[PDB]
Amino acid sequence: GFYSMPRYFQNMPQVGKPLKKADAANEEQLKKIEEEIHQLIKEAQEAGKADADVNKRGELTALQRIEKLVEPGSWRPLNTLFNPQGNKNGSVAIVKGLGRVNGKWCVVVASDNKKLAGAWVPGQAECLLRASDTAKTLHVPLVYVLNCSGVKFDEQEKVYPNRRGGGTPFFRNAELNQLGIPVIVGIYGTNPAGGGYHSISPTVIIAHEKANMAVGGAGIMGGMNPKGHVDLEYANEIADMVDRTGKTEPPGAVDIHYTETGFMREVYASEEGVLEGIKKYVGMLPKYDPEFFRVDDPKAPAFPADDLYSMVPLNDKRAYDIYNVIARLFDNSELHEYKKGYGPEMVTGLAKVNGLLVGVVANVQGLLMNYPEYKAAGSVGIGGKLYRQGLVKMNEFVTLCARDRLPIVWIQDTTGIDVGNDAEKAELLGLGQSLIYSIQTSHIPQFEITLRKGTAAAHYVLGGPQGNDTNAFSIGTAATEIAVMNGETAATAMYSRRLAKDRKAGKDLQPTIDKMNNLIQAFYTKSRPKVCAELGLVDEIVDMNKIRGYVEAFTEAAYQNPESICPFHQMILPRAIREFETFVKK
């Protein structure tokens, strides 16, 4: 209840406005898209062995385990639709998300036992690497709810080998430990080879009484597996062998890894027990009481989140007030802008999330009168584009946030960076990379929300996911669309030369027109939210009224156990903001 510098952090300026005219059409269009995403998630998650078949055997599913593991309502799904290599079931066979486990925000990864008992499938490794990366970026525990059969022989060369294959997570788990970031695992079922390493690499190993973990299974080792080719005779030996064996406890069961090696620290008889074990050890981990880093009491935004269904236009040709979005994602709709008026194409300011201080960077939409300065008077700027002042302001803002150890939330809706030789002379290329440099050297956790458009290099520089060390993860919405550039712009850039040549040659232009339209169509299809999630362009498409939940999870996680601290009374950004407001060059 007592915080540092109330005059600077409490009762900051408020922004945004009340929703007067509800836009029924926009809302239903956004919800239709959200609904389709939910339907896609639903089927990806339920694909494979049925819950009933899993439960009949007294075993829980990944979603059921997570439900009993995390604090009610703290689950923040991540990569649900991630399927970079297009597996038919639309899944990567793991359920991941951010969730609070016994008081701590954790990155949670649960093997999906409905799918080949948690076998490794194409794209899974990449999903796991993003998981450890998120944990490393935010310095929060990585929790595994393991039930992994390992490599899927069927697509072996796609999941077993390579620099970023199934073995990479084991080095990442060692790195996390070495960085002082605990990895906690609760294991179920059989976990040989890859599963075995997923079992042994964590910091603390909790096991279900019927689980096992091992280097390998030994199999049948009948070396003399015929000449090489499998025949009926040989087949009639494997079957026999199977008969001459029936049940057989796999290597590395509790009698081995608990009683003998002591690798398993604790064993539980029930599925719920295992989860209780995870909670117990996650509870022993370090964290700062959130109050320590608060500058104000937690406060809900001053406007309903649902208003966004009307205020965020799905039609990318319609502009809107970015402040309405900010007003609905941050505490009490408060925002104290840094250098307002300078670099009007962007909003850079200080805001709060459950009392925690963070920096905010978002595109401003609409016309920008008599702008930019490096163009002739009378020129008009376009909201969504980046110019010189906006790039300079952001460079300074990120650098100040970095010094003050403040996390940054980036909200993207951009059509790119200004082009042409006026822009080039105004150093936009140098300034764009300077921002990338500023971000890369910041050492502060960051979150990126591609509200609508994510295009060209602006998508990179605006705290894009391309900054793997600083961006914990990114989300999108029903209004999201990501592409290199506008399809038509690309189409004309790719064929303009041919159009002129063919016309001067008296050649038909229709075929070139068809290709241009097909390309434009392809750009549209491959830029939809659905595809963004599937390829991982965003780690999750989030419902308009679920966005603040992610901002909250990110920020609380960012402040859960920071590696570095800047005392509030020693922060410069708050003072620089005040200073720019009052100082007049006279």
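Heads up: residue numbers just count along the shown sequence, starting at 1.
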Completion exercise
Higher of the two mean Cα B-factors (241-249, 327-335; per PDB record) comes from 241-249
Practice task
Would you mind comparing 490-498 and 378-386 for me and telling me which has the higher average C-alpha temperature factor in the entry?
Solution key: 490-498
Exercise for the section: Check the PDB entry and point out which of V542, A553, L537, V54 has the largest C-alpha temperature factor. Expected result: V54
Exercise for the section: Using the temperature factors in the entry, find which of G355, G196, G217, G463 has the highest value at its Cα atom. Expected result: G217
Fill in the blank from the handout: Temperature factor at the Cα of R575, chain-ranked in thirds, falls in the middle
Practice task
Check where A505 lands among this chain's C-alpha B-factors and tell me if it's the lowest, middle or highest third.
Solution key: highest
Problem - CA B-factor ranking of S74, expressed as a third of its chain - result: middle
Handout entry: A22 - which third its CA temperature factor falls in, relative to the rest of the chain
Key = highest
Handout entry: Third assignment of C532 from its chain's C-alpha B-factors
Key = middle
